[PDB]
Amino acid sequence: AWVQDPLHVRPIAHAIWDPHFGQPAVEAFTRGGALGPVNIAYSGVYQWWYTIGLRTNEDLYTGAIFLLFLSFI
Amino acid sequence: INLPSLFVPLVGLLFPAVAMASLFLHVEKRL
Amino acid sequence: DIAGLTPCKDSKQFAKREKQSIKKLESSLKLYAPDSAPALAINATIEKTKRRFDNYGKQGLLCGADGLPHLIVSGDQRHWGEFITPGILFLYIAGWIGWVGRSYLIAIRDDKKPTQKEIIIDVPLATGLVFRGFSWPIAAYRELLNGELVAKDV
Amino acid sequence: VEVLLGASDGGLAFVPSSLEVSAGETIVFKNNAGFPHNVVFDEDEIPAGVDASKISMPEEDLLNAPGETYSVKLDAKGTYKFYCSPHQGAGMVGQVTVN
Amino acid sequence: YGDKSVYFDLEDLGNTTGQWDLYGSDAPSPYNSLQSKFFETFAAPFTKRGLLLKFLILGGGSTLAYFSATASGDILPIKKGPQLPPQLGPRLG
Amino acid sequence: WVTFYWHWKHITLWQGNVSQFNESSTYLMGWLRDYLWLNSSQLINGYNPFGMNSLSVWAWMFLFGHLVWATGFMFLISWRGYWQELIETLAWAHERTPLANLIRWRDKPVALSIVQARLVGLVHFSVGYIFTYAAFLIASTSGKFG
Amino acid sequence: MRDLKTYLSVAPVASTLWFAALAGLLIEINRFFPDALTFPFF
Amino acid sequence: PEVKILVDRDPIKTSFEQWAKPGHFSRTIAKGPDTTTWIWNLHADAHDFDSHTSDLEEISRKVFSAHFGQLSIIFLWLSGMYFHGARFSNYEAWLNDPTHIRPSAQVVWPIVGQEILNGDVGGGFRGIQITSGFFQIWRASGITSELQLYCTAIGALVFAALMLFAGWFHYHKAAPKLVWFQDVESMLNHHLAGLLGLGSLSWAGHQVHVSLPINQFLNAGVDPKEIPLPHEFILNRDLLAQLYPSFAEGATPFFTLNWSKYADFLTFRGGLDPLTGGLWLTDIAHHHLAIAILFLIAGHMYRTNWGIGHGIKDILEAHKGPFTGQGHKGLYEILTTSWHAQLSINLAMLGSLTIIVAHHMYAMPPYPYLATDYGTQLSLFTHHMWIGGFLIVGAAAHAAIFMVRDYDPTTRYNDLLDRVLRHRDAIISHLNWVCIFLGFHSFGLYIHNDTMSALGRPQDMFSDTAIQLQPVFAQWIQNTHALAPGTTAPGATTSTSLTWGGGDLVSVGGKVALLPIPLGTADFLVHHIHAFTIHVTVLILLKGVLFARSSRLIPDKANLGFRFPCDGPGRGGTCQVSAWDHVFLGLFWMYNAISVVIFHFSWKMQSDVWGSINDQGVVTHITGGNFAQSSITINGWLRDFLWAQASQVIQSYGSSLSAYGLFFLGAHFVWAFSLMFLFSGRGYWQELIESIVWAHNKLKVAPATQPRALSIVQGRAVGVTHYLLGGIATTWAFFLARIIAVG
Ligand code: CLA
Ligand code: CLA
Ligand code: CLA
Ligand code: CLA
Ligand SMILES: [Cu+2]
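Protein chains in written order, with this note's numbering: chain A, 120 to 192; chain B, 1026 to 1056; chain C, 939 to 1092; chain D, 554 to 652; chain E, 4 to 96; chain F, 246 to 391; chain G, 231 to 272; chain H, 547 to 1289.
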């Protein structure tokens, strides 16, 4: 979703799963068009990965698998 | 079936319990 | 002009500041007797404020976008009054102080109980020594050339 | 018309910050959240009705407690800009005309 | 030891160092034999150190895993999910 | 100092209000009021008696960093001797009480070392520092988003 | 008298009198030439 | 056996010999100084008389005359206050209209533009608004002109001169000896009956003839200059008979025992004056009369010279039981040979008294036009709280000094002291547990509330609407007090305060003097926070006192003296193992406790009592009851109290309250500065001064008094004093700027 309109959508870092959360907190943290509470990324990895060529989720999946391979080696 | 529903308790509750019990057991007695 | 600043006398924000400042004091003067002690004191400071703004304008200070007189220290000769001539004056006074102190320390270093003359000042010796600071620059120059300003052996 | 000083998110702004009311129409500046909010007019520009105290709230003294209302009335043809001296640096400034 | 004024004797260091047990009963089992024979027969398989520890850890672990992977919405709002439309950010959203 | 300077200059540039910095940055009351006290309203309003919003997690962390920092002062001000004697009387208390002297420690409790305590206090201080400033920075830029 | 002269030259009293004189001098100077951001004579 | 005046003639001749010699008392100091450390020692042990010598007689003579010097300083301060009120004040203008003019008795000279501090305090006057509450005292005493203030200032000046002279006299010409000091029976007989009994009887005499009629005239609305002078009220009696008819019989009621005929001006009303917002003066006069009678009888308990009375030794050694062995036997010998024991007892009692004074003065305002002067009220409460706390910490300091220096079981043995020394470990362990439990269940509740509120779960919070923790005991007690007048104090009409209840709000000039103070869950939480902080500082101080001589850590701690750095980094590290170091912490925790107390007071008052009344009786408070809902979480304190209240001081610049803003920032600075001394050690600094000394020596400008870094103890002392100065001063600036701007 972010690659389609980089200026008008907030990037998501990861989902939140916290059984200590209340209902208004669940409603307050669901941003970025997600289906639940999420965190908004400020690392800037979205812009970095977008600049270097990654476009789809399959690209990121191949990347993560390759890096798991690299760290195992 | 929701994967967080399983891994966040196990890694947040079970894993530290097991690891800390084991590490206490290892650190606090003589060989 | 220098650094894009403009001569305060011809700036508009500098004037606006002056008029605004003067405005508030005038309000403080009101609600009291027209010729009362407090009112007279407020008048005095109003005239003082007008004199300060005119003095700033006259001295040719540089004003930015806020109208505050900025100071140039690059060495431009149109601005030595801002930093460099006061700097020379300071260096003179500070050398005076330090040289008099050093002179005193050297003079009292030869007694058996030199700490006695440090917790309790010999004021006659001090008053004999204070005025050598007047010529401290020449004395220090000739002491450096002599090689006696810096202790050898250390 | 009622203007809430301060936002529920703690944002330092007016609600609505910019608007237009009718003639002789009283505008109420209410405090919503984030109080010591003080509404002080620009005193600059604003063609006619150049009194300061008539619409301004004097510096130092400001709205007290969670919900406070300093009632002003304008009634001057022209546009005026009402801001908050402590917060006008965070953008808590507003413009209100009566055409 | 305790001969009027002395309190130190090499032969009985424990008495000298106060190695007493100030509250132990030294009495017989107050529980009736029949009752004792009911418990130590049913609670026996839980008295092995490694066995009890491993079983406790893994049983409680799968207990938590099951009870949280299959909790209903009325227990945890985190799994009920949001119920409202979302707002927009200051400019984004 | 470096990051305060950077953040304030940029947070006034992003609002098109650079004169606000240009004028209030030359005195320290300007730094306190126009930067710290001013840009901290949304953050501390992350949660209030009237509800919470998405900034709450920062409003919490902001206070977290204040707590950690503060406890770092303990290990930096109070010194070992005090704590060692307190610990020894605690040991007496534990050994002397019924139903709990049945349990025995295996290492004699000692107060932290001198160097160890300086290290712990420094760690607390720096962690509190980093956390509260990160909370404030991300909440004050994220709140205005500009 | 001799001892009073001595005590009046002990370090704290010598320094308070010196700094009071210096303060008086600076106060009067700025009372005659107030609001001076530069050296305007030459 | 019998008691008499016993003196010594010219023990020390007044002379300027020792002024020329720095540290004459210390043999090592007298010789002279080798390093910079000698200068610091000279000051640190100037007033430690019990170490300059060992003679009790000399110590006590020095103590007596030092007390005289202190009294002289206090008198000079009082005369300065009165003179400034006479000459540089707007006291008469304030006297004409109290609730519009702001009191101010200090102006500044227009030197560097600082005249902006001469703000508009009203009354054709420009000065610095004072918070001393002196105007209220002067009005309650009946002072109507500035001639009376001038006369008072000059009288106090000559009293300061008299005190200084007496100090010189009783040390250099006629100095008492030991048996004169060691008489405490007659001393107590005179301080109870003579100083407090006659003092309060004399003050009641003043109020009956001066303050009562003059304040009656002032409250009737008379112009202050049209009021008869006080001495007229003594010369012409029908002047008083007009205001108070039963001044006509004139002291025959006092001897017929028809005391009811005095019911006019000797009342038992209670409550506040609805006109002035202070206590009824006819109540204060009666109060001081009864106080005088009580003290005059009480100063007749101890036997001095005529058989009748009580021997303190007998009373003490009569008290002992089966739990305490021979308790109280031997205390009379301890409390008459060591000044530190007496000093610590008196310091504890005086601190307790000061804090009780703060509470009672906030609750039952005694002066007219004081209650509605919010700045004065806040400042008085805060100041007395701080003074009380400092005194209470000094009590512990000197108890420890006694234990280290003067305690001796070989010659002066007491049983109770010995028993407490013998189970100090049980004492400290239980106090430790109480501190931990109290800290978990008071501050833990705040942390729980903060996370419950941040997780969007307010129902689970410990609040007035989710989970109530109601202080049922305090509510019950204050409801018992509200019902007291008429039920169980039949002679009273109003309850003793208005914070108890009964409605009956009292206002003055559109501002609220007092109203019933409600106690909810937030009050419960903050009261337990108070209990926690007090218990922890008590733990620190008591642990310092009980373990001052020896411990299981270092077995001979007394030989190292009361104050010392350490005994090396042995046994794991013995940093600050001394009694003096325990006092250093207690000051930190005393600061914490008193800070929380004054914050609680200020917020609660600005939220539920103070504020402005209006025409219907609608009370708008300074903050609309924001204390009951926002004070239950720490975010509420940081946002609604500090951040909100802090805005006043930040905006002070550019006005007459600018000095408060300046002091705010300066106090922040000096507080942060203390941390340099509190976090570092003197080794680094000695090693740095080494190379600085090298730099000086390279240019023949090195000093002869060798510069040393401060001692380890001195560095801690500099660090704690700067810390306290910074914190207290920033709170002072914040409070004053806020309450003067919003008040
Ligand atoms: C260092 C990388 C990293 C980090 C910081 C996280 C962080 C997180 N993961 Mg995650 N994860 C990772 C890698 C990582 N993951 C990888 C490589 C995979 C496989 C593709 C996963 C698969 C995964 C799943 C399926 C889930 C998470 C979830 C989560 C979140 C809940 C915490 C948790 O349950 O732990 C993580 C749980 C795991 C099963 C991770 C196991 C895989 C990694 C490689 C384990 C590494 C352990 C290793 C021995 C220790 C490394 C040393 C160092 C990290 C201290 C949390 C924010 C949960 C979530 O979505 O929260 C909403 C969730 O359900 N992760
Ligand atoms: C904000 C900083 C801070 C904090 C939190 C503390 C806390 C404490 N101090 Mg300390 N102190 C401080 C600053 C601080 N101090 C400073 C700057 C100084 C220098 C003057 C001192 C000097 C000092 C002395 C001299 C003494 C203490 C003592 C104590 C303890 C008092 C007993 C108690 O309250 O039990 C309760 C604990 C608390 C109230 C802390 C908060 C508890 C949290 C909220 C509970 C959360 C639990 C959580 C679930 C943990 C699980 C997390 C999980 C991930 C592991 C306490 C732990 C006294 C003591 O030792 O007590 C016997 C003691 O004598 N302090
Ligand atoms: C009715 C008799 C009387 C009175 C009024 C006082 C009053 C006082 N005594 Mg005192 N005393 C007395 C009898 C009395 N004493 C006796 C019989 C003994 C034992 C023999 C002592 C031994 C004693 C000691 C050891 C000390 C005091 C101290 C004090 C002062 C306490 C501080 C204070 O409260 O400030 C209140 C301030 C005032 C009340 C201002 C008024 C001051 C008046 C003028 C005092 C005049 C009373 C005095 C006894 C007059 C007799 C002396 C005469 C020959 C001139 C106080 C002024 C302390 C002190 O000396 O402080 C310096 C202290 O150290 N007293
Ligand atoms: C009636 C009250 C009283 C009295 C008579 C004494 C008397 C004494 N105390 Mg003591 N004490 C008291 C109260 C009192 N104390 C209180 C309330 C505390 C708690 C803080 C203490 C804590 C205390 C300690 C820790 C120690 C003493 C010590 C001593 C003895 C030597 C004091 C000395 O000469 O040091 C010299 C005095 C000074 C160096 C003054 C220091 C200046 C202060 C710190 C700055 C104050 C700042 C000022 C208020 C505002 C700033 C001004 C600036 C900006 C210009 C002495 C017998 C010392 C001792 O060894 O006993 C034998 C000791 O170490 N006291
Ligand atoms: Cu505002």
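Beta carbons: idealized from backbone N, C-alpha and C, even for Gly.
For residue i, the first and last residue of its enclosing beta strand (DSSP E)
i, result
"residue 1053 of chain H", "1052-1054"
"residue 1060 of chain H", "1057-1060"
"residue 1120 of chain H", "Per DSSP, residue 1120 of chain H belongs to no beta strand (DSSP E) and is neither H nor E."
"residue 574 of chain H", "Segment 573-577 is the alpha helix (DSSP H) holding residue 574 of chain H; no beta strand (DSSP E) there."
"residue 612 of chain D", "Residue 612 of chain D -> no beta strand (DSSP E), and no H or E assigned at all."
Chain F contact residues for residue i, given Cβ-Cβ distances below 9 Å
i, result
"residue 564 of chain D", "286, 287, 290, 388, 389"
Residue range of the alpha helix (DSSP H) that includes residue i
i, result
"residue 80 of chain E", "80-83"
"residue 361 of chain F", "359-389"
"residue 595 of chain H", "595-598"
Residue i: contacting residues in chain H (beta-carbon distance under 7 Å)
i, result
"residue 140 of chain A", "1001"
"residue 257 of chain G", "657"
Where residue i meets chain D, residues with beta-carbon distance less than 9 Å
i, result
"residue 346 of chain F", "Residues of chain D passing the Cβ test: none, with the nearest at roughly 54 Å."
Where residue i meets chain A, residues with beta-carbon distance less than 7 Å
i, result
"residue 87 of chain E", "146"
Contact set between residue i and chain E, taken where Cβ atoms lie within less than 7 Å
i, result
"residue 1043 of chain B", "60"
"residue 136 of chain A", "81"
Within chain A, the residues that residue i reaches when beta carbons sit closer than 8 Å
i, result
"residue 1047 of chain B", "Within 8 Å Cβ-Cβ: nothing; residue 1047 of chain B doesn't reach chain A, min ~24 Å."
"residue 383 of chain F", "161"
Chain C residues whose Cβ lies nearer than 8 Å to that of residue i
i, result
"residue 661 of chain H", "979, 983"
Interface residues of chain F facing residue i [CB-CB closer than 8 Å]
i, result
"residue 1003 of chain C", "264, 267"
Residue i: contacting residues in chain E (beta-carbon distance under 9 Å)
i, result
"residue 343 of chain F", "25, 26"
Contact set between residue i and chain H, taken where Cβ atoms lie within less than 9 Å
i, result
"residue 240 of chain G", "565, 566, 568"
Within 7 Å of chain H by C-beta, residues of the segment 583-614 of chain D in sequence order: Listed in sequence order: 588, 589, 613.
Stretch-stretch touch, CB-based, cutoff 8 Å, three pairs: the segment 133-145 of chain A with the segment 296-308 of chain F: yes
Members of the segment 148-177 of chain A that neighbour chain F once the beta carbon cut-off is set at 7 Å: 148, 150, 161
Test item, CB below 5 Å from any non-hydrogen atom of ligand 3: The filter returns H:613, H:614, H:617, H:733, H:736, H:740, H:741, in chain order.
Interface residues of the segment 1205-1235 of chain H facing chain J [CB-CB below 7 Å]: Absent from the structure is chain J; the protein chains it does hold are A, B, C, D, E, F, G and H.
Proximal residues, the segment 61-80 of chain E versus chain A, C-beta separation under 8 Å: The residues in question are 71, 79, 80.
contact_flag[the segment 560-576 of chain D, the segment 585-593 of chain D] where n(CB pairs < 8 Å) is 3 or more: Here the segment 560-576 of chain D makes contact with the segment 585-593 of chain D; the two share three or more CB pairs at distances below 8 Å.
Contact between the segment 273-285 of chain F and the segment 357-377 of chain F (3+ Cβ pairs under 8 Å): no
Segment contact, 8 Å Cβ cut-off, at least three pairs: the segment 1010-1022 of chain C with the segment 953-964 of chain C: no
Meets three-Cβ-pair contact criterion under 8 Å: the segment 632-646 of chain H and the segment 1180-1192 of chain H: no
Touch test, the segment 665-678 of chain H against the segment 579-593 of chain H, Cβ-Cβ under 8 Å, three pairs minimum: no
The segment 326-339 of chain F touching the segment 1007-1026 of chain H, judged by at least three CB pairs closer than 8 Å: no
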